[PDB]
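Below is one structure, written out as structure tokens; the observations come after it.
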Protein chains: 2
Amino acid sequence: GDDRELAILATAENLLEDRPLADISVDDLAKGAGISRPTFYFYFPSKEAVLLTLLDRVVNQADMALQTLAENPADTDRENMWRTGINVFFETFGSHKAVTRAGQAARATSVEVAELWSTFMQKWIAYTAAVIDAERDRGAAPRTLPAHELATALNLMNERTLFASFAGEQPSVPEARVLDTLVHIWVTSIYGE
Amino acid sequence: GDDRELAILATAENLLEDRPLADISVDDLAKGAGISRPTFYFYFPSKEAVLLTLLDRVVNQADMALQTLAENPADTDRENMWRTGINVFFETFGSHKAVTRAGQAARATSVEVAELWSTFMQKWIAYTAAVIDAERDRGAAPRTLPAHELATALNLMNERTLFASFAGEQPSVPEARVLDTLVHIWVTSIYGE
Ligand SMILES: Nc1ccccc1Nc1ccc2c(c1)OCO2
Ligand SMILES: Nc1ccccc1Nc1ccc2c(c1)OCO2
């Protein structure tokens, strides 16, 4: 049943908080989920497919929250609008730091994980660019850089900066400061002449 | 002699243009350098030490060029000053795309490579922050974000964006557009109120 599959995923996420995926065996996942190794292979072909599934759930959680925001504009200024949107990624991925860090490392080694991340980044960049274009059309932002190129760089900044903060990398922006830092750069670069 | 060592490094850089380091054997490096496998081990303990040495030369090339710029201000406006500096990284790493891509992937697997990159990033962020602080002290830039946090995010943006462009990743900014894109974001976020 789905319960055994969910047990595997819950075990994987918890074990990923203490060691990398290269330090997790299929027997570890089976044992923590209360199943045998052959039973595990009925639900997943590999431990990498387990991570892929975990990462897919996290990215779709962030995507669905962003869609929710897009359909219900909040009644605030332009700065808070961008902050509320960037915060979706801050909170969703910040609530799944182990899966986030694991998925970032797997991008090099897994074509499926690299394609998953690329597909969602393309979608989020396209939406960012559409909002910038709307702001220009209504006269609220100046026509400076091509909107899509600007949106690409800003989203890549968020990816790199958020993930450095969550991993505690050196250098990084402190996690308590990263939202204000990113919002400042987005707002000045989108609305500055 | 150094000639054999330089032959190994030249062979490694050329072979890294067609396949990753995990597809390069020590016998490949020895053969292309005109030496035997035991002779190779006299100069390097592993193929990863060869990449580490290649990456060290590239990062020191960029660092030394930036130092040169810092000691000889160019007589231009503020925008061109930032552009000339960002261009150091664009041109140095863009001239060594295979070593750059290899070194980025090795950051996950090599503590020495991760420490090398972290040390130089900290240095470049500190210098960026010092320039921002000077611009504020002279009244040319507003006192908005903490200069060091702003400098951290902007340098992480450049790292991620430049390397996506050089690797041809999807999404990325076209290489012919990435300098203008980065300069716009730096200048608006440093001087915008
Ligand atoms: N302005 C706005 C309007 C409606 C929904 C979200 C936003 N902000 C937003 C959007 C997409 C984003 C992002 C922020 O950061 C990454 O992608
Ligand atoms: N304004 C300025 C003055 C003197 C030298 C360089 C710059 N620009 C600069 C500096 C450091 C950088 C950078 C640009 O990008 C990465 O690190």
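Values below: every heavy atom of this structure, side chains too, minus hydrogens, waters and symmetry copies. A, B, ... follow the sequence lines: proteins, then strands. Residue 1 opens every chain.
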| message | Rounded to the nearest 0.5 Å, what separates atom CD in B:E169 from atom CE in A:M121? | response | 9.5 Å

| query | In Å, rounded to the nearest 0.5 Å, how long is the span from CG of A:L156 to CZ of B:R160? | reply | 5.0 Å

| request: Could you state whether B:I8 and B:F42 fall into the same hydrophobic cluster, counting links through intermediate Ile, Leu, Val, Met, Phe, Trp or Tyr residues with side-chain heavy atoms under 4.5 angstrom apart? | output: yes

| query | Do A:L21 and A:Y41 sit in the same hydrophobic cluster, where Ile, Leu, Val, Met, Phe, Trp and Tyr count as joined when their side-chain heavy atoms come under 4.5 Å apart? | reply | yes

| Most contacts with chain A, counted as non-hydrogen pairs under 4.5 angstrom, among B:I125, B:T181, B:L182 | B:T181

| task | Counting only heavy atoms closer than 4.5 Å, note whether B:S165 contacts chain A via side chain, backbone, both or neither. | result | neither

| field | Value rounded to 0.5 Å, distance of CD1 in A:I185 from CG in B:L145 | value | 6.5 Å

| field | Region of A:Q104 in contact with chain B, defined by heavy-atom distances below 4.5 Å | value | neither

| Are A:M157 and B:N158 side-chain neighbours, meaning at least one heavy-atom pair lies under 4.5 Å? | no

| Using non-hydrogen atoms only, which part of A:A108 is less than 4.5 Å away from chain B: side chain, backbone, both, or neither? | neither

| said: Is A:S172 close to chain B through its backbone or its side chain, or both, or neither, when contacts mean heavy atoms under 4.5 Å? | reply: backbone

| What side-chain hydrogen bond (donor to acceptor under 3.5 Å, both in side chains) pairs are there with at least one residue in residues 127-142 of chain A, not counting sequence neighbours? | A:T128-A:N155, A:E135-A:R138, A:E135-A:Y191, A:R136-A:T144, A:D137-A:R143

| said: Quick check for you: to the nearest 0.5 Å, what is the distance between A:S189 atom OG and B:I190 atom CD1? | reply: 12.0 Å

| remark: When rounded to the nearest 0.5 Å, the distance separating CD of B:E149 from NE2 of A:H184 is 11.5 Å

| query | Which residues in residues 83-93 of chain A have any heavy atom lying under 4.5 Å from a heavy atom of chain B? | reply | none

